[PDB]
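Below: one structure, written as structure tokens.
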Amino acid sequence: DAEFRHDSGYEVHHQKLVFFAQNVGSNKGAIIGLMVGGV
Amino acid sequence: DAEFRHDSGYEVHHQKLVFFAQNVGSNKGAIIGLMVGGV
Amino acid sequence: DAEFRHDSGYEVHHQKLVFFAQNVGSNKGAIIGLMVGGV
Amino acid sequence: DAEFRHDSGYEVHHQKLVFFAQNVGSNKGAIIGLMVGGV
Amino acid sequence: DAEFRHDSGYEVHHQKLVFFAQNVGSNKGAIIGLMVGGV
């Protein structure tokens, strides 16, 4: 399996008035935001 | 399997007034936002 | 498996008025935001 | 498995008015933000 | 497994008005922010 074999693009411009934010370049796994119950 | 074998494009412009945000370039797995019940 | 075999791009521009933020380049695992219940 | 085999890019520009922030280059494991319940 | 085999990039520019911050280059393990309950 091959992915992004050459140049790519991604960006977010002029963000404001945020409460919860999560920025990740690469994530080889799991991402969790707001959790209440126990694991 | 081959994907994005050459140049690509992606972006978000002029974001404002957000509560919950999650930005990821590449995610080889799972993504979770708002969760209440336990895993 | 091969990924991002060449140049790439990612960025966030002009962020303001944030409460909770999490920025990661590479994450080979799990990411947690707001958690209340015990693990 | 091969990832980011060549140049890459990532950045955050002009951040202000933050309460909780977490910046990581590489994270081969887990990341926790706000936790209340015991582990 | 191979990652970041060549040049890379990451930075945060002009940060201000922060309460809790955590900056890490590489983290081969776990990261904790605000914790209340005992481990």
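Just so you know, the sequences run in chain order D, E, C, B and A.
Under the deposited numbering, think of the first position of the first sequence as 1, with each following residue one higher.
Under the deposited numbering, think of the first position of the second sequence as 1, with each following residue one higher.
Under the deposited numbering, think of the first position of the third sequence as 1, with each following residue one higher.
Under the deposited numbering, think of the first position of the fourth sequence as 1, with each following residue one higher.
Under the deposited numbering, think of the first position of the fifth sequence as 1, with each following residue one higher.
Each residue gets a CB set at the ideal place from its N, CA and C atoms; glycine is no exception.
Contact belief for residue i with residue j at Cβ below 8 Å, rounded distance in angstroms
{"i": "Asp1(B)", "j": "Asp1(C)", "result": "5 Å"}
{"i": "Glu11(A)", "j": "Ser26(C)", "result": "So it is not a contact: roughly 15 Å between Cβ atoms."}
{"i": "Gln22(B)", "j": "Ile31(A)", "result": "7 Å"}
{"i": "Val24(D)", "j": "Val18(E)", "result": "16 Å between Cβ atoms; not a contact."}
Beta-carbon proximity list for residue i, same chain, < 8 Å, skipping 5 on both sides
{"i": "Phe20(A)", "result": "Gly33, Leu34"}
Close-in-space but distant-in-sequence residues of the same chain around residue i (CB under 7 Å, 5 per side omitted)
{"i": "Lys28(C)", "result": "none"}
Cβ-Cβ distance between residue i and residue j below 8 Å
{"i": "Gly37(B)", "j": "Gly9(C)", "result": "no"}
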